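Here the structure is laid out as structure tokens; the discussion comes afterwards.
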Amino acid sequence: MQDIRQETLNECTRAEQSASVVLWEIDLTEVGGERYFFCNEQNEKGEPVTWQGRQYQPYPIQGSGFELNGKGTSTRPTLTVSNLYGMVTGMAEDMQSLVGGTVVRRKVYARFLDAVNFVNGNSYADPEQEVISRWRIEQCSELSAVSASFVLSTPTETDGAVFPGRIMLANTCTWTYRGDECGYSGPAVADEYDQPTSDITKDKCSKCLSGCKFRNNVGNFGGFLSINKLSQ
Amino acid sequence: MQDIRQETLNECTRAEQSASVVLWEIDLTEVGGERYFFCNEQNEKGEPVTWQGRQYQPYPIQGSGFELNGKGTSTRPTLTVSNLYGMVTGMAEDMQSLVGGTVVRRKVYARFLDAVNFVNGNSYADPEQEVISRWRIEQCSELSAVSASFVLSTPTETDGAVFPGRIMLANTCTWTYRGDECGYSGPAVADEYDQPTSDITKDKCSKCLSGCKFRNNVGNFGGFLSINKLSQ
Amino acid sequence: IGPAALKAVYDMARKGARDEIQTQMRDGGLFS
Amino acid sequence: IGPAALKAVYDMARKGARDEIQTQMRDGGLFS
Amino acid sequence: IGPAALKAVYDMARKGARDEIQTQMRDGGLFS
Amino acid sequence: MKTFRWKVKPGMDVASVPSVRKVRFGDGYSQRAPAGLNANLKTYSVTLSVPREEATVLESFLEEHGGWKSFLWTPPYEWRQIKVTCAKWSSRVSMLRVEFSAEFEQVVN
Amino acid sequence: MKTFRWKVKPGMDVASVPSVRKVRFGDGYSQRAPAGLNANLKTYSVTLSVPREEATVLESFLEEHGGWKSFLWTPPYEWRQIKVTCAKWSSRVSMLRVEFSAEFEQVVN
Amino acid sequence: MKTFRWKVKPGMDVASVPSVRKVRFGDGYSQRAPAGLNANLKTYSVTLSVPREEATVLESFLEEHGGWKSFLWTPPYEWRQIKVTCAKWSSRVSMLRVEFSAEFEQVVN
Amino acid sequence: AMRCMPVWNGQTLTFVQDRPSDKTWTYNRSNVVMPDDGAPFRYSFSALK
Amino acid sequence: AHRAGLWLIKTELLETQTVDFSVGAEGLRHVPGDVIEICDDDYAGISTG
Ligand code: SF4
Ligand code: SF4
Numbered sequence: 001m002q003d004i005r006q007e008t009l010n011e012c013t014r015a016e017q018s019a020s021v022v023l024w025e026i027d028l029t030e031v032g033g034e035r036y037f038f039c040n041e042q043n044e045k046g047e048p049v050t051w052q053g054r055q056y057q058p059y060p061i062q063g064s065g066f067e068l069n070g071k072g073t074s075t076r077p078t079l080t081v082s083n084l085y086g087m088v089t090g091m092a093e094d095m096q097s098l099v100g101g102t103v104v105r106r107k108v109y110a111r112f113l114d115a116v117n118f119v120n121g122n123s124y125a126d127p128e129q130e131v132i133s134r135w136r137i138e139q140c141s142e143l144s145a146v147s148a149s150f151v152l153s154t155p156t157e158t159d160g161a162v163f164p165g166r167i168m169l170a171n172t173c174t175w176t177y178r179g180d181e182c183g184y185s186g187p188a189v190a191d192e193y194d195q196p197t198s199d200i201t202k203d204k205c206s207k208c209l210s211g212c213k214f215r216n217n218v219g220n221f222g223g224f225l226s227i228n229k230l231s232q
Numbered sequence: 001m002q003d004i005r006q007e008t009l010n011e012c013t014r015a016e017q018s019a020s021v022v023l024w025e026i027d028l029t030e031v032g033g034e035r036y037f038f039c040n041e042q043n044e045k046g047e048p049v050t051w052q053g054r055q056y057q058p059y060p061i062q063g064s065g066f067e068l069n070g071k072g073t074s075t076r077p078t079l080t081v082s083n084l085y086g087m088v089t090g091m092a093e094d095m096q097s098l099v100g101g102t103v104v105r106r107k108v109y110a111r112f113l114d115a116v117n118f119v120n121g122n123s124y125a126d127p128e129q130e131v132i133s134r135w136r137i138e139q140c141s142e143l144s145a146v147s148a149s150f151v152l153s154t155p156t157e158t159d160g161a162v163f164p165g166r167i168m169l170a171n172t173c174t175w176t177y178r179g180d181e182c183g184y185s186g187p188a189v190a191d192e193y194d195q196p197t198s199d200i201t202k203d204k205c206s207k208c209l210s211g212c213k214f215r216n217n218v219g220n221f222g223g224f225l226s227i228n229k230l231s232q
Numbered sequence: 818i819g820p821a822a823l824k825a826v827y828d829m830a831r832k833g834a835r836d837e838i839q840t841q842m843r844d845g846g847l848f849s
Numbered sequence: 818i819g820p821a822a823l824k825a826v827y828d829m830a831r832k833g834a835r836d837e838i839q840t841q842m843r844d845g846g847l848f849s
Numbered sequence: 818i819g820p821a822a823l824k825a826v827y828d829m830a831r832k833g834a835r836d837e838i839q840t841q842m843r844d845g846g847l848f849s
Numbered sequence: 001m002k003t004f005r006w007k008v009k010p011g012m013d014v015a016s017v018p019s020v021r022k023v024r025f026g027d028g029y030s031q032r033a034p035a036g037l038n039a040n041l042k043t044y045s046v047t048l049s050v051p052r053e054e055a056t057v058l059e060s061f062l063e064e065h066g067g068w069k070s071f072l073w074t075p076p077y078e079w080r081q082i083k084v085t086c087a088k089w090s091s092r093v094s095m096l097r098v099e100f101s102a103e104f105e106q107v108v109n
Numbered sequence: 001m002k003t004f005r006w007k008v009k010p011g012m013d014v015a016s017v018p019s020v021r022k023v024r025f026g027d028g029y030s031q032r033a034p035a036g037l038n039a040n041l042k043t044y045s046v047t048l049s050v051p052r053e054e055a056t057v058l059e060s061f062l063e064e065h066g067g068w069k070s071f072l073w074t075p076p077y078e079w080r081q082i083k084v085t086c087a088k089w090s091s092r093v094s095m096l097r098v099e100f101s102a103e104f105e106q107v108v109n
Numbered sequence: 001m002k003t004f005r006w007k008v009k010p011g012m013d014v015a016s017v018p019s020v021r022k023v024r025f026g027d028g029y030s031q032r033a034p035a036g037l038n039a040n041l042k043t044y045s046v047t048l049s050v051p052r053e054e055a056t057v058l059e060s061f062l063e064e065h066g067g068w069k070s071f072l073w074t075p076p077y078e079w080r081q082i083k084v085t086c087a088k089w090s091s092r093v094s095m096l097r098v099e100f101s102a103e104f105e106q107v108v109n
Numbered sequence: 345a346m347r348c349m350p351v352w353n354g355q356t357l358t359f360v361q362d363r364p365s366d367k368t369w370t371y372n373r374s375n376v377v378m379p380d381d382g383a384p385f386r387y388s389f390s391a392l393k
Numbered sequence: 444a445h446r447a448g449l450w451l452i453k454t455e456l457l458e459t460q461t462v463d464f465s466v467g468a469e470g471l472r473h474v475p476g477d478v479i480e481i482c483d484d485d486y487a488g489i490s491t492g
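Each protein sequence line maps, in turn, to chains A, B, C, D, E, F, G, H, I and J.
Counting in the authors' numbering, the first sequence runs from 1 upward without gaps.
Counting in the authors' numbering, the second sequence runs from 1 upward without gaps.
Counting in the authors' numbering, the third sequence runs from 818 upward without gaps.
Counting in the authors' numbering, the fourth sequence runs from 818 upward without gaps.
Counting in the authors' numbering, the fifth sequence runs from 818 upward without gaps.
Counting in the authors' numbering, the sixth sequence runs from 1 upward without gaps.
Counting in the authors' numbering, the seventh sequence runs from 1 upward without gaps.
Counting in the authors' numbering, the eighth sequence runs from 1 upward without gaps.
Counting in the authors' numbering, the ninth sequence runs from 345 upward without gaps.
Counting in the authors' numbering, the tenth sequence runs from 444 upward without gaps.
So this is what it looks like as structure tokens:
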């Protein structure tokens with residue numbers, strides 16, 4: 001079942017419905033950007049739409065093909081944004097083409113916007129009645145001087161992944177540096193190569209046996225020293 | 001070659017052709033139903049078309065896509081029938097969606113129908129000149145409240161069948177009850193769960209060793225008593 | 818008039834391709 | 818008319834898909 | 818016009834079939 | 001099964017296209033067949049003009065049969081008493097008279 | 001629920017196409033069904049003419065209802081108090097009086 | 001923002017098609033919605049007739065905005081001061097006076 | 345194994361199975377919309393093989 | 444294993460009908476996915492539902 005409130009569910013069955021507004025939120029904080037609020041529509045005063053106090057500025061946007069299914073390939077709805085004045089290109093070259101971010105789609109009925117969007121003032125206002133979905137951007141399939149097309153995907157999508165993620169053994173380690181399994185917290189001693197150093201900026205581990213010998217941490221080495229089992 | 005009589009082949013040479021008539025027979029005796037006779041059109045008297053003495057009633061029927069071939073896939077022509085007043089749905093809800101029945105298509109020329117179909121009376125009637133095909137219904141791809149589409153198939157088509165039907169088992173029989181291998185003809189002794197019953201309506205073997213021991217036909221058991229061939 | 822016809826034909830062609838794949842993947846045929 | 822156009826497009830999107838299936842599996846395609 | 822529409826529909830059907838082949842061979846589907 | 005005795009204004013149009021089975025060969029030799037047993041079914045275009053008083057009566061009668069029931073109607077002077085159905089009708093209402101312009105498609109039993 | 005009391009000029013057109021489930025046989029016997037309960041829904045083409053000073057008022061009314069709200073209207077002399085919505089209207093502002101042409105589609109509640 | 005003070009000839013056209021969200025159900029009961037908030041946007045068809053001497057001036061002004069800039073224009077007698085763009089102007093130069101036949105599409109801010 | 349199916353429902357991955365449950369909502373001719381064909385409900389059945 | 448096989452055969456034998464239809468906005472927002480609802484149809488039931 002959905003989390004839709006009783007009153008909006010009751011209203012949705014009415015024969016004379018109101019306008020349907022769709023608002024989009026693009027979040028890049030997990031990538032290193034900001035939060036952008038877009039709305040395909042504005043109010044009657046030529047102003048950005050005010051919802052829950054915040055303002056969604058008017059900007060071109062259109063979502064298509066939102067499907068949910070349990071069988072076959074996971075659905076990939078698309079999003080179209082007009083790239084005029086190079087606004088999208090301004091962040092595409094900075095945020096690595098908007099790959100890895102999050103998009104949030106909220107749908108709302110027109111009779112629940114804030115009173116400031118209507119000249120007379122809506123008395124039937126409730127800022128806690130909306131339907132929310134979230135997806136992640138996958139790729140920018142098209143980018144030109146007039147538009148831009150993004151593909152969306154479910155966060156849980158399991159394309160191109162393998163279940164057991166261990167290589168068992170090698171001549172090299174198979175973890176991170178200073179994680180919760182390597183368990184190193186000392187001063188800098190080694191860098192990308194096997195060269196002594198004492199700066200925290202260029203602390204790197206070659207993930208070989210020599211790095212462990214340098215860091216006096218061999219008991220946590222993730223490489224089984226077999227080698228000759230394949231030969232002999 | 002076809003079983004085409006000389007007279008109809010000779011008639012099918014002249015420029016001024018007669019009217020082609022197609023009649024359909026749905027046979028459900030092998031599945032538990034009756035024989036239905038359909039024709040796409042009626043005579044000039046507003047009466048069912050009389051052929052070979054029997055009568056075909058008018059009903060909207062259309063067969064399309066009869067493609068006999070030796071390579072690639074099999075043949076799956078489509079039969080469309082108008083489902084008005086719920087007539088098709090009535091038998092579909094009863095005859096398991098018309099699955100397993102037979103359809104016979106007979107094509108005839110107009111100048112060979114019975115004399116009762118014409119006000120003047122045809123003097124060229126010959127109720128032995130027609131072309132006959134038979135198919136089996138595979139599925140009801142779509143039956144709405146206005147129509148119904150059936151997929152047809154050849155009776156001898158192989159799909160999902162394996163050649164070596166024999167299967168080696170350990171403690172389960174492989175054949176039917178009383179059919180040919182279980183040469184049992186005595187009173188009912190067992191039931192599904194191997195209970196001591198003596199009623200014939202509930203006598204069904206459990207397909208085990210205990211059932212055979214109950215019925216004293218262990219000499220005709222299909223399950224080889226190997227079991228322990230993979231442990232050692 | 819314009820891109821509406823293009824979208825219609827695109828969806829129709831995709832559906833036809835799906836049907837062709839399904840019918841060719843079956844026992845008979847070239848086993849796509 | 819509608820249904821004639823729809824049947825025409827459906828039947829036209831058959832041999833196109835068949836040829837695509839056949840060419841993409843020959844030497845250096847995706848093997849259908 | 819006949820031939821121009823025919824060639825356009827054929828090419829669009831080929832593109833649609835290629836796109837369907839590409840999209841159905843990702844992780845699931847019928848794995849064409 | 002009701003009938004149709006309303007007067008018909010002059011200028012009634014008649015159309016008839018028999019359904020035939022045409023197939024052409026190299027030099028003519030075109031095989032032709034009558035297709036169905038009763039192929040051609042005439043369709044009439046009929047216009048009436050009545051004062052407003054019984055425009056309601058005509059509209060009600062045309063509404064009763066809807067677009068599915070058939071009704072007997074004798075074409076003017078024609079040797080047949082055929083049964084017909086209609087599915088389109090329009091009216092130009094004026095302050096004195098209203099004129100109807102309908103089409104009557106012949107169907108058999 | 002508002003009403004529509006403006007006058008309608010002569011020549012207003014009425015169209016009616018009831019919905020039926022056509023399905024054809026070889027020849028004749030074509031089965032027919034009445035489809036839904038409310039099959040036919042008349043479509044009206046209404047012409048008006050008002051002096052310029054009045055026109056704005058009518059416009060505002062047609063603005064208030066938009067193309068999504070229904071309003072009662074009585075067709076001239078017709079025995080029915082139907083409910084109708086409009087989504088197409090145009091006008092000719094010539095010199096003194098402006099004439100409107102609008103379409104009115106019948107809708108159930 | 002510039003203003004349009006050129007005077008317009010009789011016969012100007014105004015057209016209005018509201019954008020509504022329509023879905024029809026079983027026996028009627030069509031759900032209707034207003035779609036966007038400012039759904040209604042009029043479209044005018046405007047004809048002028050000016051002597052050739054100032055004809056160039058019109059073109060110059062109509063060249064300045066191209067088809068991407070909006071200018072304010074008060075329609076005749078109408079209670080609104082709206083902003084409108086045009087992209088399809090044409091002229092009929094004959095001997096002494098050229099007539100212009102353009103279309104003016106209303107656009108929100 | 346557990347006779348389930350995963351779906352991205354309500355912005356969360358959830359799993360459904362053929363557990364006997366109660367009715368949720370009802371539909372008839374009034375709540376559904378028919379296409380141009382004439383009938384709103386389209387049924388289909390499985391195949392013999 | 445026997446229970447799994449029995450479930451497969453029984454589910455495949457009994458559930459043999461699939462129906463598709465359309466629904467307005469209210470129903471679209473109502474049903475999230477993979478729920479149980481009654482689709483009562485007077486056409487198939489030759490009655491007045
Ligand atoms: S190699 Fe030794 S030090 Fe470098 S990461 Fe793996 S464990 Fe930590
Ligand atoms: S088990 Fe023994 S008895 Fe039961 S069927 Fe197979 S053979 Fe006949």
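Each residue gets a CB set at the ideal place from its N, CA and C atoms; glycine is no exception.
- Rounded to whole angstroms, what's the CA-CA distance from residue 88(F) to residue 25(A)? Just pull it up for me. 52 Å
- Chain-ordered chain C contacts of residue 831(D) [CB-CB under 7 Å]: 833, 837
- Is there at least one non-hydrogen atom of ligand 1 closer than 7 Å to the beta-carbon of residue 204(A)? no
- Task: Measuring only between beta-carbons, confirm whether residue 46(A) sits less than 8 Å from chain H.
- Result: yes
- Could you check where the beta strand (DSSP E) with residue 831(E) kicks off and where it finishes? Taken as a continuous stretch (DSSP letters only), residue 831(E) belongs to no beta strand (DSSP E), being part of the alpha helix (DSSP H) at 819-841.
- Message: Considering Cα atoms alone, identify which of 72(H), 37(H), 107(H) is closest to residue 6(H).
- Response: 72(H)
- Task: Go ahead and pull the three-state DSSP assignment for residue 124(B).
- Result: coil
- Mind reading off the beta-carbon distance from residue 827(E) to residue 829(D)? Whole number of angstroms is fine, and I expect it under 8 Å. 7 Å
- Message: Based on DSSP bridge pairs, tell me the residues matched to residue 26(G).
- Response: Its beta-bridge partners do not exist; DSSP assigns none.
- Could you check the C-alpha separation between residue 184(A) and residue 223(A) for me, to the nearest Å? 17 Å
- Query: In or out: residue 175(B) buried (at least 16 other Cβ within 10 Å) or exposed?
  - Reply: exposed
- Message: Within 8 Å of any Cβ in chain H, is that where the Cβ of residue 487(J) sits?
- Response: no
- In the structure shown, what three-state DSSP assignment does residue 27(B) receive? strand
- Provide the residue(s) that pair with residue 58(A) in DSSP beta bridges, ordered along the chain. 39(A)
- Message: I need the boundaries of the alpha helix (DSSP H) containing residue 170(A), first residue and last residue.
- Response: Careful: residue 170(A) lies outside any alpha helix (DSSP H) and carries neither H nor E.
- Between the Cα of residue 22(A) and the Cα atoms of 129(A), 167(A), 147(A), which residue gives the shortest distance? 129(A)
- Run through DSSP, which three-state label would residue 89(B) get? helix
- With DSSP run on the structure shown, which of helix, strand or coil describes residue 5(F)? coil
- Message: For residue 385(I), count the other beta carbons within 10 Å of its own beta carbon; 16 or more makes it buried, fewer makes it exposed. Which is it?
- Response: buried
- Task: Examine chain B for any beta-carbon lying closer than 8 Å to the beta-carbon of residue 23(G), and answer yes or no.
- Result: yes
- Item | Cα-Cα separation between residue 235(B) and residue 154(B), rounded to whole angstroms | There is no way to answer for residue 235(B), as the model of chain B reaches only from 1 to 232.
- Task: Give a yes or no on whether 8 Å exceeds the smallest Cβ distance from residue 465(J) to chain I.
- Result: yes
- Query: For residue 258(A), does the three-state DSSP call read helix, strand or coil?
  - Reply: Since the first and last residues shown for chain A are 1 and 232, residue 258(A) lies out of range.
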